[PDB]
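In structure tokens, the next block holds one chain alone, the form deposited in one PDB entry.
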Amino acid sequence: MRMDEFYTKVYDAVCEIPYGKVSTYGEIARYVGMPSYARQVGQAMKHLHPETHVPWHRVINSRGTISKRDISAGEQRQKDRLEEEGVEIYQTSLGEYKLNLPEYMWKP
């Protein structure tokens, strides 16, 4: 499986995530038939162009929190987007954006 195919399938899957719901890097990786490619799913989101209509903001980590980038802008950009879709985000003693996974998890 070429990587250009992987990116396309990941993007396909992410576009399926319904407005107001979220999924997981690991889930999308399993959904497209590549259980060990959680990190690569992360790459796929990163490599996206900013003007994309792919809802990358709907893909969080298995712990139900927003992953931290090298910078801090992307993280913040995801929270704002999610809140704009009605997702209730709450912060942490450690300053981690977190949500109720079972409540917002997209279950195919």
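For clarity, a rigid core is taken as the largest C-alpha set superposing within 1.5 Å between two forms. One rule holds for the numbers: they count along the sequence shown, beginning at 1.
Mean CA temperature factor is higher for 79-87 when stretches 38-46 and 79-87 are set side by side in the entry. Comparing 68-76 with 25-33, the stretch with the higher mean C-alpha B-factor in the PDB entry is 68-76. Remark: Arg63 belongs to the lowest third of its chain, ranked by C-alpha B-factor as recorded. Annotation for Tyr7: C-alpha temperature factor in the middle third relative to the rest of the modelled chain, per the entry.
Quick note: we don't show the form deposited in another entry, though the next part is all about it.
Taking the rigid core as fixed, one finds a CA shift for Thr52 smaller than 2 Å between this form and the one not shown. The Cα position of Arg30 differs by less than 2 Å between this form and the one not shown after fitting on the rigid core. In that other deposited form, the Cα positions of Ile71 and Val87 lie at least 3 Å nearer to each other than in the form displayed. Inter-residue distance, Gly20 to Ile71 (Cα): reduced by at least 3 Å in that other deposited form versus the depicted form.
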